[PDB]
Amino acid sequence: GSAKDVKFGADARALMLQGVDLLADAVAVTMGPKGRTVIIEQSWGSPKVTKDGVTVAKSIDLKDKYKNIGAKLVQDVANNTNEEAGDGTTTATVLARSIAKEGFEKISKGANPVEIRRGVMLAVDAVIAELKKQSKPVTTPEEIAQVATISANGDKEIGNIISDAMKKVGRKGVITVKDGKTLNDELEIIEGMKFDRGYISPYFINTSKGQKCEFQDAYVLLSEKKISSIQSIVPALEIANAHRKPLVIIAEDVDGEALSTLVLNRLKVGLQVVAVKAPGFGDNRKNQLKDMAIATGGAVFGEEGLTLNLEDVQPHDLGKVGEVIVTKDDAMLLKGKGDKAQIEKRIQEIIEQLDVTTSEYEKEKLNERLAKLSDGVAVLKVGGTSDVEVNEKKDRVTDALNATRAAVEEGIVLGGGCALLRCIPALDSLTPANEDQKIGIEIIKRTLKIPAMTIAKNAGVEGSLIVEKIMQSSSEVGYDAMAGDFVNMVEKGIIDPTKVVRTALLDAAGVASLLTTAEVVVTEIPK
Amino acid sequence: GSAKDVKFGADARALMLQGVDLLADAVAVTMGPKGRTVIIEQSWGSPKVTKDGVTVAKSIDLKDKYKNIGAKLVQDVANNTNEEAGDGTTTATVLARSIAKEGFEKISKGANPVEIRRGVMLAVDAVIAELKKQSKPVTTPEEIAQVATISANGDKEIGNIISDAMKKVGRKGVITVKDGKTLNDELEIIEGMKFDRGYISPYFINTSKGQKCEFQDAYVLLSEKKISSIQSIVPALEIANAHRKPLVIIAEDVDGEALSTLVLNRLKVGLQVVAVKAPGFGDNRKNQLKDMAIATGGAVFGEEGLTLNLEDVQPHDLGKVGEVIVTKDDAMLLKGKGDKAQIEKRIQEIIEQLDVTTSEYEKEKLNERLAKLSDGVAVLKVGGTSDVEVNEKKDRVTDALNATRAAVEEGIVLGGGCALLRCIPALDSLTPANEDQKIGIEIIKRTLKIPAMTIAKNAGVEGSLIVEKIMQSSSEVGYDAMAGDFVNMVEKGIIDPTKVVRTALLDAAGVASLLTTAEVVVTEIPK
Amino acid sequence: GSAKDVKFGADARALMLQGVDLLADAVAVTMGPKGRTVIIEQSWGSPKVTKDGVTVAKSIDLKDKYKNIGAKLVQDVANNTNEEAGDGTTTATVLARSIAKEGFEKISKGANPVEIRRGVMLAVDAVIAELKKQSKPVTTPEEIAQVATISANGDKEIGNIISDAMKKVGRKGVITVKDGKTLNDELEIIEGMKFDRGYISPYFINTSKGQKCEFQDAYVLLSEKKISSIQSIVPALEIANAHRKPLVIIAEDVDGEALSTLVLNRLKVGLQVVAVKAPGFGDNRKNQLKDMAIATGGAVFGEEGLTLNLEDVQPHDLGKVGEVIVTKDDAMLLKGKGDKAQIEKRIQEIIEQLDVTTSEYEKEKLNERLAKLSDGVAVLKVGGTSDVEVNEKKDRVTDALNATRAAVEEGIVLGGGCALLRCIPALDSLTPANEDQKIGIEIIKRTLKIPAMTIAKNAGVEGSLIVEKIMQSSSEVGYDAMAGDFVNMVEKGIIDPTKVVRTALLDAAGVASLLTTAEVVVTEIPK
Ligand SMILES: Nc1ncnc2c1ncn2[C@@H]1O[C@H](COP(=O)(O)OP(=O)(O)OP(=O)(O)O)[C@@H](O)[C@H]1O
Ligand SMILES: Nc1ncnc2c1ncn2[C@@H]1O[C@H](COP(=O)(O)OP(=O)(O)OP(=O)(O)O)[C@@H](O)[C@H]1O
Ligand SMILES: Nc1ncnc2c1ncn2[C@@H]1O[C@H](COP(=O)(O)OP(=O)(O)OP(=O)(O)O)[C@@H](O)[C@H]1O
Ligand SMILES: [K+]
Ligand SMILES: [K+]
Ligand SMILES: [K+]
Ligand SMILES: [Mg+2]
Ligand SMILES: [Mg+2]
Ligand SMILES: [Mg+2]
């Protein structure tokens, strides 16, 4: 029922391309080892300084709504890449801008932009197949350090710290980053618990900068079954309001109504509560719940044998933890002191249950519980002289951690944008079905040179010349833009995770090729 | 030294196309037998009503300068066609708009608009060759009446009057149009003299609607040689100021200084004077000069034998005429009374000199003098109840006269836009040198259907369907848009002059293909 | 006494670079065989369409005065190149923009821009020496046709016509361009006179579009000595005002006061007069004076023997010509009908005087008078369907004539911007005296790739890639941007005049490096 402005065709496409260009320019100045930082004004306090593509992308909104549409779509590209890999958002942004520009250029009366999108998707699938074919698994801790160093703007100490943490707690251990008060970075191993379930509702979030649910010294509520009555959760609320700890509850499903009462209690000032779902579904659920009960210290309500009721909640029957971190994906409970004698007894029980029988699937769960109570959660404490440098370095360490985890998940390819460059001959072996698919394949093939061009351009040299010298060289040679020479990139350690490259390409292509198909733009009149 | 606005590329091209579209729409509503009229506001008096393409074109100027640039270029198309043929300006306008639109559409990064212009010119030359190949000479007075009827919006009486005038004074006789006070049109022949020389300077023009130098009952001044002295033209000026009658002078070359004094005398209020150059260069010049001297009545100054001086100018030694019409191309004198006995004696002298000897080139000049004294100038007087109706009908009669003269000059082709339609297969036999020439040939081939489409669209039917039914028919069949059926156009008399068709195509192509090659538009900032 | 705005340093330099960039962008779109045209609005009539760099340059003035300063300086570059060579203004503009950009970039606190300008001059002198060392003379008419074809946007017929004219009247004959009424171009030689002297004062110009003094059928006044009295020029003025013909006077020096009276007579409406100076200084002056005296038909006033006075001026004692074109540099006296028997007698006198004695300097003057009266002035008549097309084609023909004349004057180098590219290794052999001279040499060496880059960029390909492939190829190989491949440029006829290249480089460098030295800009406040 609001009055709208309707634009058609090429002027609308150019207006969207203007917003795409502004956002991608501001993001693209941060690309590579010679990229620079962006200062973003914050309303509440000090401005933030970042070299992160998705942060710069999400911080820019435009007054002109036709430009803001393209800006929001490239924000979607950057945010989708950050969600799926945690790295490669600047690459995704420049690839999205390139595909948008080349798609907008090749639009005519007889052109079919939908079949151009089809050819773009076909070419991108071929490139992703070639990326998987040229990928290499990570087999050494030196490769781990190299990936973490490359992903952290060539910070050797950050990569060394990440490599040491992954050596101490395993390549699939839980590592988290928080801000340290001293000047130097440090790594500590403390006993920690993590399961891949988050909050049901995103209404409990307390910090706005971190956008998480962070709690210190919280009571742990356990309900193995469904919560029995309102007269069973209200005494728990009164005990939590009595004994000065907030309530973190672990349960099957708190979705409809008890979650609703917790939301309207959170709406009241000061009262803190958060809910997470069960990790497992079978016997592993009960085993992990008993592990958490022994590691916290208290009792369990909801069992079938002892019939302990939530109605008779008591301070000694609940577990106490140090710090609770709740996110969208996983829940962290940290520094939870229990009965250490009972923790050792449960460890003995687990390692004695190891030597009973083999079934090749239950032993994986029992050993992951063993590593849960055995290998501590690594904590990376980032140091600096002020909050701005700490936040910038924290972004870099988070990038390095995400990239290293993606590297052990999927493998590594050539860095410096050279993997996309070496995937160019794979597109030359495709035969398009019609002319519009040929246009799409050509768009993707011209787009595949953009990240190396941007990395070289940020170093102050001519990017197209560098890219031509890269494709003229052998397949192992690429441009080191830090030293400004042509090197064996694998030997020099300039490598990238395969997951990051393929997800940046896929998200950029998927959004930008759909944006290309537009003919009419409908916006709200600014009132 | 004036501040300018500079625009680049597609937005500038679209802004020019907007002015082209406005002017061509207003012109195109007047096309064909079912076209309508345009009312143009006039500052000095009553608004004018016209069905003439170049009048509507020249009457439109736009406030936006980027639109006004395209409007001025299509005005150039219409005015060039009117100057070269006097007919076919609406056709030239629609062809220019079509070529501008199709050229602006096929402009990309890799496209070369200059070679597209080259291909356009090649295709247009091929079409003009095919038009000449399919043309037919005019051999009958019925074809003359048919051409004059078609060119005057199907006015049978106008075409009959033009055919009767050309029957009485010859197909190459001089016919002029004026407006009569009575309601009926009337044709009459009395006398007349026309030679193809006009005024040297365009500063003597008295009427603004006709844009000509029209004089009633003027003196004839004759200087066979160059004018001797200021003391020879000043007594002529004083005698002209004495005997209540303006001065039309016939001479070799009045260009630099005496013409300048005549201009600054014309700047004074009331004083009327005009100058025209000699018709011939050889003995024909002296023979024609003696012919007007005998036909006007007086004497001649500037001869070698009698040595009559311009200094001793006398009232009885100068000729007197009835009306002088001076244009850019030819000078007209009408109703010039001389000594009719001496006129008959000069006629006897010419017809007796006819039977002396033959040289096949001097006898042509002798016989054209014979037709000068023999075949009088036909005058067409257009009637109506008011000035607006006679002005509209005068435009139609002028169109019909120009088209009939072009028809006897060059021939006739199929009317209704069917000649350009039948020239389409000639373009299919060309092989372009590159892709840009192919684009130009395709632009011209798509443009060749525009006049028949516009004629059919003005009749309220679907133009593209009509054009397809024309090209599916035999080469003699076209659409009569007046009766709304498909007929043998030659038998029904719907025919066109070949000159009109070929000049409309050539001017439209030549300007619009050059306009297509633009990338930057520089305009003045409106101050 | 007018209020001024004063700007310092970097923002002033950026503001000037903005105007430089705007003008150079608009000029640079027209470069090379795939360059496009610029449409310029004209106040009086139809807009003009041009591919000429200096026309686009001079047509752009900006409202912001800091931008308009840089725009006026690059206009100065383009106009100086046009004055010194008549071709290469787009190249001069892009080189000036490049030098201004690279000079503004390397300005710091410790940098000395004056010594950077010194290094720029040293580098440009080295490049010009290398251009002279790599040039070759023109020895064939096919090279003449090739240069004229390249300079006229690849128009084979224009180059063929220029080659035929230079074959018929000699490579140093006088050729001029005028617009023809027919559609096709034509060339004809009849007669003609030219000496390298123009008007003393630029006040008689009546052709506003051509910026020349164009006169038709003018009187020839001759004063071999100084003009005697006011009572000798006043009867000449009265005779000119008597015999309908304007006055072109040939004399020693009409500078102070008789020129002043001619100016105040020209201020009055209609009165036309123009003065030109003597061709020679010695006996050649008298010989040439008698030559146009015989070739015009009349007498001579001012001699020592016959004592003919200017006071007794007579109509039969003055010469009459066909057309007079007066320019800043030379005078065009065309179609002068003298006594052809006396012209033949003077030709016989000259050729019989030629067989008397040898002195190796006077015989050159005798033979140049012989070629003046024997080899006629060629005239090129440019055709088209409208005024805009003939104006664009006239610009191209004038470019081709100027380039061909410069080619026979100085020689030819490689086309396509490859000569400046091949002059790059000459700069690598220089040693700078300090760091600022090194900065200037580097600026010029980076600038030397700009014309080939712009030519390749206008064709829709990547310019830097093309320039690298040119520099890696053999010294004879360059990029044909019309066919889009790499060829022997000399064999394909893509060649340039050495004079055009060296004057474009010198004129760009001299102004742009001085503009680089600026620190403070003082402008007028807009009132
Ligand atoms: N020394 C180097 N030489 C060449 N390329 C390098 C070098 N160091 C890093 N790179 C490349 O830089 C890219 C990473 O750039 P950057 O970290 O600015 O952006 P990103 O990974 O796309 O996104 P995000 O903004 O999330 O960090 C990778 O392609 C990597 O291979
Ligand atoms: N009865 C008819 N049926 C079909 N076509 C017709 C008929 N009468 C005229 N025509 C066509 O109409 C066209 C002439 O239209 P019109 O007189 O409006 O414009 P024009 O000749 O292009 O320009 P101008 O404005 O100078 O008259 C010609 O192509 C002619 O063949
Ligand atoms: N087919 C071609 N291939 C490559 N280069 C070409 C070709 N034709 C012309 N050129 C180059 O184009 C340049 C001339 O371009 P252009 O005529 O637009 O500019 P200009 O001579 O600098 O200036 P202007 O003509 O505007 O006074 C020359 O360097 C010439 O060698
Ligand atoms: K980045
Ligand atoms: K019409
Ligand atoms: K040019
Ligand atoms: Mg990164
Ligand atoms: Mg008509
Ligand atoms: Mg040129």
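Every chain is numbered from 1 and lettered A, B, ... according to where its sequence line falls, protein lines coming before strand lines. Basis for what follows: all heavy atoms, side chains included, without hydrogens, waters or symmetry-related copies. Both ligands and their constituent atoms are indexed starting at 1 by order of listing.
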Checklist outcome for this item: Between B:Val467 and B:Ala452 the two heavy atoms that sit nearest each other are CG2-CB, 3.8 Å
Item to check | Any protein heavy atom < 4.0 Å from atom 14 (C) of ligand 2 | outcome: no
Next on the checklist: One thing to verify: whether A:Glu409 and A:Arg405 come together as a salt bridge, which I'm taking to mean a side-chain N less than 4.0 angstrom from a carboxylate O.
Outcome noted: no
Checklist entry - What atoms of ligand 1 come within less than 4.0 Å of a heavy atom belonging to A:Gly417? => result 29 (O)
Checklist outcome for this item: Taking every heavy atom of B:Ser59 against every heavy atom of B:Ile40, the minimum-distance pair comes out as OG-CD1, 3.5 Å
Checklist entry - Going by the order shown, which atoms of ligand 2 are within less than 4.0 Å of some heavy atom of B:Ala481? => result 3 (N), 4 (C)
Checklist entry - Taking it one step at a time, do A:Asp155 and A:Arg396 satisfy salt bridge (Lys or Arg N to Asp or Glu O under 4.0 Å)? => result CA-CA 9 Å; A:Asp155 210 320; A:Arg396 285 192 284 120; 2.8 Å; yes
Checklist entry - Is there a donor-acceptor pair closer than 3.5 Å between any side-chain N or O of A:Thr503 and the backbone N or O of A:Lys499? => result no
Next on the checklist: Distance under 4.0 Å to a non-hydrogen atom of A:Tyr479: what atoms of ligand 1 satisfy this?
Outcome noted: 3 (N), 4 (C)
Checklist entry - So is A:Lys492 close enough to ligand 1, meaning a heavy atom under 4.0 angstrom away? => result no
Next on the checklist: For A:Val500 versus A:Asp87, what's the shortest heavy-atom pair and its separation?
Outcome noted: CG1-O, 3.3 Å
Checklist outcome for this item: Looking only at heavy atoms, the pair that brings A:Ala509 and A:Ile99 closest together is CA-CD1, 3.7 Å
Item to check | Residue and atom name of the nearest protein heavy atom (relative to atom 9 (C) of ligand 1), distance in Å to one decimal | outcome: A:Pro33 CD, 3.9 Å
Checklist entry - So how far is it from B:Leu506 CG to C:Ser386 OG, rounded to the nearest 0.5 Å? => result 9.5 Å
Checklist entry - Hey, is ligand 2 close enough to B:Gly416 that some N/O pair sits below 3.5 Å? => result yes
Item to check | From CA spacing to verdict: side chain to side chain contact (heavy atoms under 4.5 Å, CB included), A:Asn79, A:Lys58 | outcome: CA-CA 8 Å; A:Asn79 193 75; A:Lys58 277 166 83 81; 3.2 Å; yes
Next on the checklist: Can you tell me if A:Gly35 contacts ligand 1 (heavy atom of the residue under 4.0 Å from the ligand)?
Outcome noted: no
Checklist outcome for this item: ligand 2 atoms nearer than 4.0 angstrom to some heavy atom of B:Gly53 are 25 (O)
Item to check | Minimal non-hydrogen separation, A:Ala459 against A:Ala481, with atom names | outcome: CB-O, 3.9 Å
Checklist entry - Which ligand 2 atoms are under 4.0 Å away from a heavy-atom of B:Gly415? => result 31 (O)
Item to check | Polar contact flag for A:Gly32 and ligand 1 (N/O pairs, less than 3.5 Å) | outcome: yes
Item to check | Spatial distance of atom SG (A:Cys418) from atom CD1 (A:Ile470) [nearest 0.5 Å] | outcome: 4.0 Å
Item to check | Enumerated ligand 1 atoms positioned under 4.0 Å from heavy atoms of A:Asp480 | outcome: 1 (N), 2 (C), 3 (N)
Checklist entry - More than 12 foreign heavy atoms under 6.0 Å from NZ of A:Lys457: is that the case here? => result no
Item to check | Identity and separation of the nearest protein heavy atom to atom 29 (O) of ligand 2 | outcome: B:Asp496 OD2, 3.0 Å
Checklist outcome for this item: If we number the atoms of ligand 1 from 1 as shown, the ones under 4.0 Å from a heavy atom of A:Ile150 are 8 (N)
Checklist entry - For ligand 1, is any non-hydrogen atom under 4.0 Å from A:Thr91's backbone (N, CA, C, O), its side chain (CB onward), both, or neither? => result both
Checklist entry - At the 4.0 Å heavy-atom cut-off, does A:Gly88 count as touching ligand 1? => result yes
Checklist entry - Heavy-atom contacts under 4.0 Å between A:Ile455 and ligand 1: side chain, backbone, both, or neither? => result side chain
Checklist entry - Is it the side chain, the backbone, both or neither of B:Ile495 that has a heavy atom closer than 4.0 Å to ligand 2? => result neither
Checklist entry - How far apart are the C-alpha atoms of A:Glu462 and A:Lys469, what are their side-chain angles, what is the distance that settles it, and do they pass the salt bridge (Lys or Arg N to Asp or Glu O under 4.0 Å) test? => result CA-CA 11 Å; A:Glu462 185 59 43; A:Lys469 196 160 194 295; over 6 Å; no
Item to check | Under-3.4 Å protein N/O/S neighbours of the K ion (ligand 4), ordered by chain then residue number | outcome: A:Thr30 O, A:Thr30 OG1, A:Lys51 O, A:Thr90 OG1
Item to check | Where ligand 2 meets B:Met482 - atom numbers and elements under 4.0 angstrom, heavy-atom basis | outcome: 1 (N)
Next on the checklist: Give me the residue, atom name and distance of the protein heavy atom closest to atom 24 (P) of ligand 1.
Outcome noted: A:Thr89 OG1, 3.5 Å
Item to check | Residue of the set A:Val94, A:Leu420, A:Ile455, A:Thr91 for which side-chain contact (heavy atoms from CB on, under 4.5 Å) holds with A:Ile450 | outcome: A:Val94
Checklist entry - Among B:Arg36, B:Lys51, B:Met31, whose heavy atom sits nearest atom 17 (O) of ligand 2? => result B:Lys51
Checklist outcome for this item: Between B:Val138 and B:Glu143, the two heavy atoms sitting closest are CA-OE1, 3.3 Å
Item to check | Atoms of ligand 1, numbered as shown, that sit under 4.0 Å from any heavy atom of A:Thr30 | outcome: 18 (O)
Next on the checklist: With a heavy-atom distance limit of 4.0 Å, tell me whether B:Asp399 approaches ligand 2 through its side chain, its backbone, both, or neither.
Outcome noted: side chain
Checklist entry - Which is it for B:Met471 and B:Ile424 under the side chain to side chain contact (heavy atoms under 4.5 Å, CB included) test, yes or no, and what are the steps along the way? => result CA-CA 9 Å; B:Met471 332 216 279; B:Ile424 279 167; 3.8 Å; yes
Checklist entry - Between A:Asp507 and A:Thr81, is a side-chain hydrogen bond (donor to acceptor under 3.5 Å, both in side chains) present by the stated rule, with each step listed? => result CA-CA 6 Å; A:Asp507 309 312; A:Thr81 319; 3.2 Å; yes
Checklist entry - How many angstroms lie between CG in A:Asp496 and CG in A:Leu131, if you round to the nearest 0.5 Å? => result 10.5 Å
Checklist entry - Does some non-hydrogen atom of A:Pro451 fall short of 4.0 Å from ligand 1? => result no
